[PDB]
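In: Need the 3D shape of this:
(4 chains, ligands or ions: 8)
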Number of protein chains: 4
Amino acid sequence: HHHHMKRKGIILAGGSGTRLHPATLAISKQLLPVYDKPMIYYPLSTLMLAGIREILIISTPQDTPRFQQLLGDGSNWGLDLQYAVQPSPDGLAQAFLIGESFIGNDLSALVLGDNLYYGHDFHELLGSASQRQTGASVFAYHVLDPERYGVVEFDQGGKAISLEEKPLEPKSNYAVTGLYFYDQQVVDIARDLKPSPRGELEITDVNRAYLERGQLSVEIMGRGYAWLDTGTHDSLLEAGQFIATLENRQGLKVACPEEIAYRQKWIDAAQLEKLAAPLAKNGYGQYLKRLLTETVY
Amino acid sequence: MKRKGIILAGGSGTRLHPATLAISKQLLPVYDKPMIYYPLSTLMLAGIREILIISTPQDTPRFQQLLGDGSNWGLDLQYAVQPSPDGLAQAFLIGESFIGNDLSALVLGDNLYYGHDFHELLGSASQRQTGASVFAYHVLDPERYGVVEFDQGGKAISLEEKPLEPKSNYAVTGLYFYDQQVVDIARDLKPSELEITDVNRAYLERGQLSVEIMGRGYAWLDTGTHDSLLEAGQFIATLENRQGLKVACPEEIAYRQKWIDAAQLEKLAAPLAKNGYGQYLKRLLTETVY
Amino acid sequence: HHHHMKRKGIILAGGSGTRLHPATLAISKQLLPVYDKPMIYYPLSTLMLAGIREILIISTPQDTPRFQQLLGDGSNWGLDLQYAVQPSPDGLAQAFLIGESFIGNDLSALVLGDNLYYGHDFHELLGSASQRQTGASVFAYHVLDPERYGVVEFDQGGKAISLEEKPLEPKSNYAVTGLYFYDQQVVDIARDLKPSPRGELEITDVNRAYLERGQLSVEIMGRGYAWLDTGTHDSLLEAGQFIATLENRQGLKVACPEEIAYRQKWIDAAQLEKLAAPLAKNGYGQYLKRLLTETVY
Amino acid sequence: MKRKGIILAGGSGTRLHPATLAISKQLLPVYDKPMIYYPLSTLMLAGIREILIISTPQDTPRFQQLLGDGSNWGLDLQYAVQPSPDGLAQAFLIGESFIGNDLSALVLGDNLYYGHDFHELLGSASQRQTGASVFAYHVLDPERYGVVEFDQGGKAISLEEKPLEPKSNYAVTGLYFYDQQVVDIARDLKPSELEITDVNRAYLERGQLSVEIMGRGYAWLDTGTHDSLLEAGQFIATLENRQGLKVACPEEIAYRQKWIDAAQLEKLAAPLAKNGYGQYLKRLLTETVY
Ligand SMILES: Nc1c(NC(=O)c2ccccc2)c(=O)[nH]c(=O)n1Cc1ccccc1
Ligand SMILES: Nc1c(NC(=O)c2ccccc2)c(=O)[nH]c(=O)n1Cc1ccccc1
Ligand SMILES: Nc1c(NC(=O)c2ccccc2)c(=O)[nH]c(=O)n1Cc1ccccc1
Ligand SMILES: Nc1c(NC(=O)c2ccccc2)c(=O)[nH]c(=O)n1Cc1ccccc1
Ligand SMILES: [Cl-]
Ligand SMILES: [Cl-]
Ligand SMILES: [Cl-]
Ligand SMILES: [Cl-]
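Out: Residues are numbered from 1 along each chain as shown, chains lettered A, B, ... in the order given. Ligands and ions are numbered 1, 2, ... in the order given. Next up is the structure itself:
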């Protein structure tokens, strides 16, 4: 027949299996707080910073109602939030099959629900990835332990020439972060994925697909950014200390969704005033109130 | 006489919202385990095996899922709800039939204790068949708590809940031992909240309150703020990683109290075998820890 | 008679009096480590990032030999380091009287020896301040406790219109950080300063002087930067945790002077190899060695 | 018999360079006070007032400036140098004339201890007039230390310094009590370094080594890395800020041992009056701390 561009977001905030049991037995990792807010506020704030307003949250059946209770339909923050369940954790690239109907014919963005980013001109780094309407965009960050991640190899010109998932002998220390930008080809790339030996559909196979077509942009997220680790109990604790230090220093919050919707002009002063009221007695609501007065450059 | 325990893990209101908007504080981890493991481990260390967990209606199912009926750790867990947050002393009205004609002990679900000879320090409270024991602890901010005042001879002469002008820096901790009188004292309480400090004052007036000092060489950790939640997890991380030993591991404590045997400990470590907690429980079977 | 532009740096790493006694009784604050290196490496690294190679370190008479033992004459790192003593702490603006001969007819830069900065495109933020050959440049950063600092007030257009030192009622939450860029007028501005009521020559009077002549640029250092606090034992501990978290995450060091001189091309591979050798057994020397191999973007 | 003390605060080589390039580790603060205050406070808590500080030649003047002759805190401090880092047992050759015919105790200048009833735990070692006492502590990484092996009955049967295959996870801590034999045992040692574990093995072979367990409810903190230095300061910050009480404050401990009086404590707090440490010492004059 005959047919005659915006970008949707997906947050994968599914099962971390038993790795962090028993800490995570009664509740999933992405609802645990990092200092003063739930973990999912951070990657959600990241999507919002990319200008993305229509967002699918993928979680386990057990925990979806709790994600729904925390976040609603998004209307309070100028967003539209929908929900989908992942019955079993079959790999990150399942997000695109699970989210196939949500995505439709649009461009998309995947963020892991346990990743947090901090640093200056992050809005602008996401802007270039979001503005690119063709191909895929990922970010490479220097890490101590690249063997844990998808690793990107660069030629002497600085061109990305290979990707490898958890290599025993990394070709560089540049890990692919858990924020991915995709055009309309990804659902089709995802549907042709064959499981890997450990029973998972690998995002690195999706990104390699783009690489082999010449449509993978790999931007460096520099060392002046913090891409923090929530993979261990220890790293979770370091992520909370990190955010506490920045917030207590500056009197500004990292990854406050109310604030970000306010600054984007997705909600207005009066709506922000309403969101503050039920939290007026604690520091978070008193912080939302203070935003109405102050110019923050 | 057998002593029954109660963990009160009720609501903290909106004070830590949005961090606790999704789920109650006592289910969140402190470092490597759910917060409630810590006060539970305290009761177990006092020899207490029959225990009532009281939480909000929304969250009981989840305490219940986490901990079950206790039988896997040689405990006998029961559960009950606190519909609204109307004071710690409701624990004894909600827990009345559970307690029966027995001695009891109440620990708050968010209190963490650490230190040497804690088993002994709780032994002396536990073995008192008569009266009540509580613990006083020096703190920077006594206004936040029940404050005990002492005479020059070291005798408790008043308790005050959240006084504007604390009489001392001694704060009553969230661990309480009681005889058969506490239910009836709980039942005649009048709202101020139904205050645990009124329960303890009732025993004080009758010369039946033992106020033992919990010395400066014990850790009574603060989980009342986001900052103090953090310091607590850092505090436990430092101890566990220095020693290769875990703080408030119920499976280990059951095993050491001989409430479960080596074969049961082995089955418990099986599901967790690929991570550090299972590896740890496996390592306990063949190492002597003094 | 008849006469016929580079920028020199000064690090003020003098007396913190008795405020941090007894921690600082046997040694000055600026030699205490922040995680894995001495505190003075951080502000020194900041000057180096601004392209500054000729640097005066001002310390107490008691501690100069220890600053000299740590840092030498700078030749090992492609720098020229000189030393001057401050017999009594009479205020930060004394740096210009103490450093009058060192400065000569050049432009200058003052950094406090206990300030540390982290964040992306810091090189570029310093570049604009350093390239400005006229007037003064300072940086304003949002803090929880502006009452502790020099506070900058902005009009609705975002123009700086006043400065106040430790105001009881701050006009904004924007504090002036401890990095200052100056033209050839500063030594003369400094020499006319009259002590303040508490017996100190105030840098805020110097900056107000520039403001009243229309030659103070106040650039915002955004919230995506960390300007960390070493004013208390607590904040010192948070600064060390902060740097440990970033360094252990990335496998890169913050404020490694050897690395920065290497990357600037002030020293070469073989010199860096020599600086590594006496530290080869510890993580710091093994890190200097690894830099010779790897491309870090 | 009077027992004299030695703090060994010698060189850590280049291991923490460049952080310690400027000055030795034991002069750096842990949170709010210089590291050496902590092992010093340990000796004081054991009743030890006559103390020899041994440090590198470069740094002695500065230990000497920091601490003086001790008289202001009711101590009697002396000082001596360790020219090179040739093993902890040199402490007894360097300290030989200082020790004389007396009993002695050696603490490493970078060891931190915390916990309840520490005064008592050191009392039982201190009061032994014969033989040597050391402390064993469970740790994750016993290879880094002197490792003690026990028989099924809990008796020490071997000590090994930094074994490649530790026999247990029990590590000997950096606090050692000795009788009059240690100098002569130190003097017959042969370089392996002159090893403190050889000194302790000499007493073991003669049935004269008391190996007491320092339980899991005590903190023996690690200052051997940059990471463990940090965890230690965080650990002390959390205790001091929770309690409003300081850990290892020599002035306070002198005052409580009645080695200095209220008027002396008052003069000590005067120079520090504008900061928290002086304010703290002033606050100790009019508060009862149990
Ligand atoms: N840039 C901001 C902002 N600022 C904005 O989102 C913003 C939005 C529109 C215009 C200007 C600034 C904020 O309010 N909170 C915040 O954490 N950041 C940093 C951030 C945001 C999301 C994820 C990681 C870091
Ligand atoms: N004392 C123990 C023990 N020891 C025991 O449970 C025990 C009990 C009876 C006999 C032998 C060991 C332990 O295994 N785990 C633990 O965390 N502690 C300390 C502790 C226990 C509860 C709360 C805070 C600290
Ligand atoms: N930008 C760098 C760099 N990179 C450089 O200095 C550099 C120098 C010349 C060209 C490219 C990069 C570094 O090596 N270490 C470092 O801590 N930073 C960040 C930094 C440097 C100084 C003060 C605060 C943060
Ligand atoms: N026990 C005390 C005390 N208590 C005393 O010194 C003391 C000694 C004799 C009688 C009464 C109190 C103190 O004041 N400060 C302190 O840090 N402690 C614990 C301690 C002391 C040294 C090292 C590690 C922990
Ligand atoms: Cl960067
Ligand atoms: Cl104690
Ligand atoms: Cl920014
Ligand atoms: Cl113990």
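In: State whether residue A:227 and residue A:140 are indeed in contact, as I suppose.
Out: No - Residue A:227 sits out of contact with residue A:140 when judged by Cβ atoms under 8 Å, with a separation of 10.1 Å. (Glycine included, C-beta is placed from N, CA and C.)
In: can you list residues touching both of those two?
Out: Both residue A:227 and residue A:140 are contacted by A:177, A:221, under the criterion Cβ atoms under 8 Å, 6 or more residues apart in numbering or on different chains.
In: Looking at the stretch 1-150 of chain A, which residue is nearest ligand 8?
Out: residue A:22 (23.5 Å; Cβ to the ion).
In: Neighbour count for residue A:227 and residue A:140, which is higher?
Out: Under the neighbour definition other Cβ atoms under 10 Å in any protein chain shown, residue A:227 and residue A:140 were set side by side, and residue A:140 has more, 24 against 20.
In: Surely that one is in a strand?
Out: Yes - the assignment for residue A:140 (DSSP: H, G, I helix; E, B strand; the rest coil) places it in a strand.
In: Can you tell me the closest non-neighbouring residue to it?
Out: If you skip the residues right next to it in sequence, residue A:140 has residue A:174 as its closest partner in space, 4.1 Å away by Cβ to Cβ, 6 or more residues apart in numbering or on different chains.
In: cool, and residue A:205?
Out: Distance criterion Cβ to Cβ, 6+ apart; nearest residue to residue A:205, sequence neighbours excluded, is residue A:193 at 5.6 Å.
In: What distance do you get for that neighbour to chain D?
Out: To chain D, residue A:193 is 40 Å away according to Cβ to the nearest Cβ, to the nearest Å.
In: For that residue, list the residues it contacts.
Out: Contact criterion Cβ under 8 Å, 6+ apart gives A:93, A:201, A:202, A:205, A:206 as the residues in contact with residue A:193.
In: again with residue A:282
Out: Contact analysis of residue A:282 by Cβ under 8 Å, 6+ apart lists B:14, B:15, B:16, B:17.
In: Also residue A:35?
Out: Remark: with contacts taken as Cβ under 8 Å, 6+ apart, residue A:35 is in contact with A:240, A:241, A:243, A:244, A:247, B:19, B:226, B:230.
In: from these, which single one is nearest ligand 6?
Out: Within the contacts of residue A:35, proximity to ligand 6 (Cβ to the ion) peaks at residue B:230, which comes in at 24.8 Å.
In: need the next SSE after the host helix or strand of residue A:68, C-terminal direction.
Out: For residue A:68, the enclosing helix or strand under DSSP states H and E is helix A:64-71. Using DSSP H and E, the helix or strand that directly follows helix A:64-71 along the chain is strand A:80-85.
In: Now the stretch 151-297 of chain A against ligand 5: closest residue?
Out: residue A:222 (2.4 Å).
In: Counting neighbours, what do you get for that residue?
Out: Applying the criterion other Cβ under 10 Å, we find 20 residues in the vicinity of residue A:222.
In: Backbone dihedrals for the nearest residue to residue A:165 once chain neighbours are set aside, please?
Out: Leaving out its chain neighbours, the residue that sits closest to residue A:165 by Cβ to Cβ, 6+ apart is residue A:204, at 4.0 Å. Taking degrees, to the nearest 10, you get phi -70, psi -30 for the backbone angles of residue A:204.
In: same deal with residue A:257?
Out: Geometry field for residue A:257 lists phi and psi as phi -60, psi -40, criterion degrees, to the nearest 10.
In: got the residues of chain A near ligand 5?
Out: For chain A, the residues in contact with ligand 5 (Cβ under 5 Å from the ion) are A:222, A:224.
In: for chain A, which helix is longest?
Out: Criterion DSSP state H: the longest helix present in chain A is helix A:233-250.
In: which other residues reach the following helix or strand past that one?
Out: Later in the chain than helix A:233-250, the nearest helix or strand by DSSP H and E is helix A:257-264. By Cβ under 8 Å, 6+ apart, the residues outside helix A:257-264 that reach it are A:41, A:44-45, A:48-49, A:51, A:77-79, A:253, A:267-269, A:272, A:275-276, A:288, A:291.
In: Is any residue of helix A:257-264 near ligand 1?
Out: Yes - Helix A:257-264 lies within reach of ligand 1 by Cβ under 6 Å from any ligand atom, at A:259, A:260, A:263, A:264.
In: which among those residues end up buried?
Out: A:259, A:260 (16 or more other Cβ atoms under 10 Å in any protein chain shown).
In: Within range of ligand 3, give me the residues from the stretch 101-250 of chain A.
Out: Taking Cβ under 6 Å from any ligand atom as the criterion, the stretch 101-250 of chain A does not approach ligand 3 at any residue.
In: For chain A, just list every one of the helices.
Out: Under DSSP H, chain A gives helices at A:41-49, A:64-71, A:95-98, A:100-103, A:122-131, A:186-191, A:203-212, A:233-250, A:257-264, A:269-276, A:283-293.
In: Of those, flag the one that's most buried.
Out: Counting by mean count of other Cβ atoms under 10 Å in any protein chain shown, helix A:41-49 has the highest mean neighbour count of these, with a mean of 25.
In: count of neighbours near residue A:17?
Out: For residue A:17, the count of nearby residues is 12 (other Cβ under 10 Å).
In: got a list of what it touches?
Out: Contacts for residue A:17 (Cβ under 8 Å, 6+ apart) come out as residue A:89.
In: on that earlier part again, got the angle between the helix holding residue A:68 and helix A:41-49?
Out: If you take axes from the mean of the first three to the mean of the last three Cα atoms, to 10 degrees, helix A:64-71 sits at 60 degrees to helix A:41-49.
In: Remind me what helix A:64-71 packs against, helices and strands.
Out: On a contact count with 3 or more Cβ pairs under 8 Å, 6 or more residues apart in numbering or on different chains; DSSP states H and E, helix A:64-71 meets strand A:54-59, strand A:80-85.
In: 7 Å instead, please
Out: Contact analysis of helix A:64-71 by 3 or more Cβ pairs under 7 Å, 6 or more residues apart in numbering or on different chains; DSSP states H and E lists strand A:80-85 as its packing neighbours.
In: partners of the strand it packs on in the sheet?
Out: In the sheet containing strand A:80-85, its partner strands are strand A:54-59 (parallel), by DSSP bridges.
In: would you put the C-alpha positions of the partner strand in CSV?
Out: Coordinates of the C-alpha atoms in strand A:54-59 are reproduced here as CSV (Å, rounded to 0.1, in the frame of the first residue of the first chain):
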residue,chain,number,x,y,z
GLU,A,54,7.1,9.0,25.7
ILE,A,55,8.8,6.2,27.6
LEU,A,56,8.2,2.4,28.1
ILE,A,57,9.3,1.0,31.4
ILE,A,58,10.1,-2.8,31.2
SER,A,59,10.1,-4.6,34.5
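In: Tell me which residues are up against it.
Out: Contacts of strand A:54-59 from elsewhere in the structure, counted by Cβ atoms under 7 Å, 6 or more residues apart in numbering or on different chains, are A:8-14, A:28, A:47, A:67, A:74, A:79-86, A:95, A:98-99, A:102.
In: Would you mind listing which of those are buried?
Out: Those of the contacts of strand A:54-59 that meet the buried threshold are A:8-14, A:28, A:47, A:67, A:74, A:79, A:81-84, A:86, A:95, A:98-99, A:102, by 16+ other Cβ under 10 Å.
In: For ligand 7, what's its nearest residue on chain A.
Out: Across chain A, no residue is closer to ligand 7 than residue A:120, which sits at 3.6 Å (Cβ to the ion).
In: Quick check: that residue vs ligand 1, distance?
Out: Applying Cβ to the nearest ligand atom, to the nearest Å, one obtains 9 Å for the distance of residue A:120 from ligand 1.
In: Okay, that residue and chain C: tell me how far apart.
Out: Using Cβ to the nearest Cβ, residue A:120 is found at 3 Å from chain C.
In: Many thanks, I have nothing further to ask.
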